[PDB]
file run.cif (mmCIF, N, CA, C and O atoms)
data_data
#
loop_
_atom_site.label_atom_id
_atom_site.label_comp_id
_atom_site.auth_asym_id
_atom_site.auth_seq_id
_atom_site.Cartn_x
_atom_site.Cartn_y
_atom_site.Cartn_z
N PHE A 1 -0.69 5.06 16.45
CA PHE A 1 -0.67 5.47 17.83
C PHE A 1 0.66 5.03 18.42
O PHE A 1 1.48 4.44 17.73
N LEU A 2 0.90 5.35 19.71
CA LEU A 2 2.11 4.99 20.46
C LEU A 2 3.46 5.34 19.77
O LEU A 2 4.33 4.47 19.66
N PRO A 3 3.72 6.57 19.31
CA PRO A 3 4.72 6.84 18.27
C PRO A 3 6.15 6.60 18.70
O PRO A 3 6.99 6.28 17.85
N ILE A 4 6.47 6.76 20.00
CA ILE A 4 7.72 6.41 20.65
C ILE A 4 8.29 5.06 20.22
O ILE A 4 9.36 4.96 19.61
N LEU A 5 7.58 3.96 20.53
CA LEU A 5 8.06 2.60 20.33
C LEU A 5 8.19 2.19 18.87
O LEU A 5 8.90 1.24 18.56
N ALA A 6 7.57 2.92 17.92
CA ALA A 6 7.81 2.73 16.49
C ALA A 6 9.26 3.00 16.10
O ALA A 6 9.87 2.27 15.33
N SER A 7 9.87 4.05 16.69
CA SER A 7 11.29 4.35 16.53
C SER A 7 12.19 3.27 17.10
O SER A 7 13.21 2.92 16.50
N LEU A 8 11.83 2.72 18.27
CA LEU A 8 12.50 1.60 18.91
C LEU A 8 12.39 0.31 18.10
O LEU A 8 13.38 -0.38 17.84
N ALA A 9 11.18 -0.02 17.60
CA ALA A 9 10.88 -1.15 16.75
C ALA A 9 11.64 -1.12 15.43
O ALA A 9 12.08 -2.15 14.91
N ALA A 10 11.88 0.07 14.87
CA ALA A 10 12.69 0.26 13.69
C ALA A 10 14.19 -0.01 13.90
O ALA A 10 14.95 -0.03 12.94
N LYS A 11 14.65 -0.19 15.16
CA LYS A 11 16.03 -0.55 15.46
C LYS A 11 16.12 -1.96 16.02
O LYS A 11 16.97 -2.74 15.62
N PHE A 12 15.21 -2.35 16.94
CA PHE A 12 15.28 -3.63 17.62
C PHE A 12 14.40 -4.68 16.95
O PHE A 12 14.40 -5.85 17.32
N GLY A 13 13.67 -4.31 15.88
CA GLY A 13 12.87 -5.22 15.08
C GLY A 13 13.25 -5.33 13.62
O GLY A 13 12.34 -5.26 12.80
N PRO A 14 14.51 -5.52 13.18
CA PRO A 14 14.86 -5.66 11.76
C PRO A 14 14.20 -6.87 11.12
O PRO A 14 14.00 -6.90 9.91
N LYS A 15 13.82 -7.86 11.95
CA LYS A 15 13.02 -9.02 11.63
C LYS A 15 11.66 -8.66 11.03
O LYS A 15 11.23 -9.23 10.04
N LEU A 16 10.97 -7.66 11.62
CA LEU A 16 9.74 -7.12 11.06
C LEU A 16 10.02 -6.20 9.88
O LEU A 16 9.33 -6.26 8.86
N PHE A 17 11.06 -5.35 9.99
CA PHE A 17 11.39 -4.33 9.01
C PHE A 17 11.72 -4.89 7.62
O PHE A 17 11.21 -4.43 6.60
N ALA A 18 12.53 -5.97 7.55
CA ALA A 18 12.80 -6.68 6.31
C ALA A 18 11.53 -7.27 5.69
O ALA A 18 11.30 -7.13 4.49
N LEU A 19 10.66 -7.91 6.49
CA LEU A 19 9.44 -8.51 6.01
C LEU A 19 8.40 -7.51 5.50
O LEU A 19 7.81 -7.72 4.45
N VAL A 20 8.16 -6.39 6.21
CA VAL A 20 7.21 -5.38 5.74
C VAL A 20 7.68 -4.64 4.49
O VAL A 20 6.94 -4.48 3.51
N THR A 21 8.97 -4.21 4.43
CA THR A 21 9.50 -3.51 3.27
C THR A 21 9.74 -4.46 2.11
O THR A 21 9.60 -4.08 0.95
N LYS A 22 9.97 -5.75 2.39
CA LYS A 22 10.28 -6.84 1.46
C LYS A 22 11.52 -6.68 0.58
O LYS A 22 11.66 -7.37 -0.42
N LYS A 23 12.47 -5.78 0.94
CA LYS A 23 13.65 -5.56 0.11
C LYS A 23 14.96 -5.95 0.78
O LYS A 23 16.03 -5.53 0.34
N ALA A 24 14.93 -6.74 1.87
CA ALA A 24 16.14 -7.16 2.57
C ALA A 24 16.82 -8.35 1.88
O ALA A 24 16.17 -9.16 1.23
#
call {"tool": "encode", "arguments": {"input": "run.cif", "output": "structure tokens"}}
result
Amino acid sequence: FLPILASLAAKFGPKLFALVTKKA
């Protein structure tokens, strides 16, 4: 749900993005 802020989170949340993908 809330699909807008997922695009924002993918730029302003690299902290989450590295941890979920685990390849940073």
call {"tool": "atom_distance", "arguments": {"input": "run.cif", "atom1": "atom CA of residue 21 of chain A", "atom2": "atom CA of residue 1 of chain A"}}
result
19.9 Å
call {"tool": "select_by_dssp", "arguments": {"input": "run.cif", "residues": "chain A", "states": "helix (DSSP H, G or I)", "output": "ChimeraX atom specification"}}
result
/A:3-12,14-21
call {"tool": "write_last_selection", "arguments": {"input": "run.cif", "atoms": "N, CA, C and O atoms", "output": "PDB file, in the coordinates of the input"}}
result
ATOM      1  N   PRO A   3       3.720   6.570  19.310  1.00  0.00           N
ATOM      2  CA  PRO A   3       4.720   6.840  18.270  1.00  0.00           C
ATOM      3  C   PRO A   3       6.150   6.600  18.700  1.00  0.00           C
ATOM      4  O   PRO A   3       6.990   6.280  17.850  1.00  0.00           O
ATOM      5  N   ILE A   4       6.470   6.760  20.000  1.00  0.00           N
ATOM      6  CA  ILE A   4       7.720   6.410  20.650  1.00  0.00           C
ATOM      7  C   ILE A   4       8.290   5.060  20.220  1.00  0.00           C
ATOM      8  O   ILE A   4       9.360   4.960  19.610  1.00  0.00           O
ATOM      9  N   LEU A   5       7.580   3.960  20.530  1.00  0.00           N
ATOM     10  CA  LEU A   5       8.060   2.600  20.330  1.00  0.00           C
ATOM     11  C   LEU A   5       8.190   2.190  18.870  1.00  0.00           C
ATOM     12  O   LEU A   5       8.900   1.240  18.560  1.00  0.00           O
ATOM     13  N   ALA A   6       7.570   2.920  17.920  1.00  0.00           N
ATOM     14  CA  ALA A   6       7.810   2.730  16.490  1.00  0.00           C
ATOM     15  C   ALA A   6       9.260   3.000  16.100  1.00  0.00           C
ATOM     16  O   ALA A   6       9.870   2.270  15.330  1.00  0.00           O
ATOM     17  N   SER A   7       9.870   4.050  16.690  1.00  0.00           N
ATOM     18  CA  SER A   7      11.290   4.350  16.530  1.00  0.00           C
ATOM     19  C   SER A   7      12.190   3.270  17.100  1.00  0.00           C
ATOM     20  O   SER A   7      13.210   2.920  16.500  1.00  0.00           O
ATOM     21  N   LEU A   8      11.830   2.720  18.270  1.00  0.00           N
ATOM     22  CA  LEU A   8      12.500   1.600  18.910  1.00  0.00           C
ATOM     23  C   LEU A   8      12.390   0.310  18.100  1.00  0.00           C
ATOM     24  O   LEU A   8      13.380  -0.380  17.840  1.00  0.00           O
ATOM     25  N   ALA A   9      11.180  -0.020  17.600  1.00  0.00           N
ATOM     26  CA  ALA A   9      10.880  -1.150  16.750  1.00  0.00           C
ATOM     27  C   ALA A   9      11.640  -1.120  15.430  1.00  0.00           C
ATOM     28  O   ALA A   9      12.080  -2.150  14.910  1.00  0.00           O
ATOM     29  N   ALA A  10      11.880   0.070  14.870  1.00  0.00           N
ATOM     30  CA  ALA A  10      12.690   0.260  13.690  1.00  0.00           C
ATOM     31  C   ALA A  10      14.190  -0.010  13.900  1.00  0.00           C
ATOM     32  O   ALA A  10      14.950  -0.030  12.940  1.00  0.00           O
ATOM     33  N   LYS A  11      14.650  -0.190  15.160  1.00  0.00           N
ATOM     34  CA  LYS A  11      16.030  -0.550  15.460  1.00  0.00           C
ATOM     35  C   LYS A  11      16.120  -1.960  16.020  1.00  0.00           C
ATOM     36  O   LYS A  11      16.970  -2.740  15.620  1.00  0.00           O
ATOM     37  N   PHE A  12      15.210  -2.350  16.940  1.00  0.00           N
ATOM     38  CA  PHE A  12      15.280  -3.630  17.620  1.00  0.00           C
ATOM     39  C   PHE A  12      14.400  -4.680  16.950  1.00  0.00           C
ATOM     40  O   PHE A  12      14.400  -5.850  17.320  1.00  0.00           O
ATOM     41  N   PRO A  14      14.510  -5.520  13.180  1.00  0.00           N
ATOM     42  CA  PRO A  14      14.860  -5.660  11.760  1.00  0.00           C
ATOM     43  C   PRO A  14      14.200  -6.870  11.120  1.00  0.00           C
ATOM     44  O   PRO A  14      14.000  -6.900   9.910  1.00  0.00           O
ATOM     45  N   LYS A  15      13.820  -7.860  11.950  1.00  0.00           N
ATOM     46  CA  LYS A  15      13.020  -9.020  11.630  1.00  0.00           C
ATOM     47  C   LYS A  15      11.660  -8.660  11.030  1.00  0.00           C
ATOM     48  O   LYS A  15      11.230  -9.230  10.040  1.00  0.00           O
ATOM     49  N   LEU A  16      10.970  -7.660  11.620  1.00  0.00           N
ATOM     50  CA  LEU A  16       9.740  -7.120  11.060  1.00  0.00           C
ATOM     51  C   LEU A  16      10.020  -6.200   9.880  1.00  0.00           C
ATOM     52  O   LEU A  16       9.330  -6.260   8.860  1.00  0.00           O
ATOM     53  N   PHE A  17      11.060  -5.350   9.990  1.00  0.00           N
ATOM     54  CA  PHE A  17      11.390  -4.330   9.010  1.00  0.00           C
ATOM     55  C   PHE A  17      11.720  -4.890   7.620  1.00  0.00           C
ATOM     56  O   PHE A  17      11.210  -4.430   6.600  1.00  0.00           O
ATOM     57  N   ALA A  18      12.530  -5.970   7.550  1.00  0.00           N
ATOM     58  CA  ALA A  18      12.800  -6.680   6.310  1.00  0.00           C
ATOM     59  C   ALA A  18      11.530  -7.270   5.690  1.00  0.00           C
ATOM     60  O   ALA A  18      11.300  -7.130   4.490  1.00  0.00           O
ATOM     61  N   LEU A  19      10.660  -7.910   6.490  1.00  0.00           N
ATOM     62  CA  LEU A  19       9.440  -8.510   6.010  1.00  0.00           C
ATOM     63  C   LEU A  19       8.400  -7.510   5.500  1.00  0.00           C
ATOM     64  O   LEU A  19       7.810  -7.720   4.450  1.00  0.00           O
ATOM     65  N   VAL A  20       8.160  -6.390   6.210  1.00  0.00           N
ATOM     66  CA  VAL A  20       7.210  -5.380   5.740  1.00  0.00           C
ATOM     67  C   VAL A  20       7.680  -4.640   4.490  1.00  0.00           C
ATOM     68  O   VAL A  20       6.940  -4.480   3.510  1.00  0.00           O
ATOM     69  N   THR A  21       8.970  -4.210   4.430  1.00  0.00           N
ATOM     70  CA  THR A  21       9.500  -3.510   3.270  1.00  0.00           C
ATOM     71  C   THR A  21       9.740  -4.460   2.110  1.00  0.00           C
ATOM     72  O   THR A  21       9.600  -4.080   0.950  1.00  0.00           O
TER      73      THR A  21
END
call {"tool": "residues_near_point", "arguments": {"input": "run.cif", "point": "(11.0, 2.5, 9.5)", "cutoff": "10 Å", "atoms": "only C-alpha atoms", "output": "list in words"}}
result
residues 6, 7, 8, 9, 10, 11, 13, 14, 16, 17, 18, 20 and 21 of chain A
call {"tool": "axis_aligned_box", "arguments": {"input": "run.cif", "around": "segment 14-17 of chain A", "padding_each_side": "5 Å", "output": "lines of an AutoDock Vina configuration file"}}
result
center_x = 12.1
center_y = -6.8
center_z = 9.9
size_x = 15.5
size_y = 14.9
size_z = 16.6
call {"tool": "atom_distance", "arguments": {"input": "run.cif", "atom1": "atom C of residue 24 of chain A", "atom2": "atom CA of residue 5 of chain A"}}
result
23.2 Å
call {"tool": "atom_distance", "arguments": {"input": "run.cif", "atom1": "atom C of residue 22 of chain A", "atom2": "atom CA of residue 3 of chain A"}}
result
23.3 Å
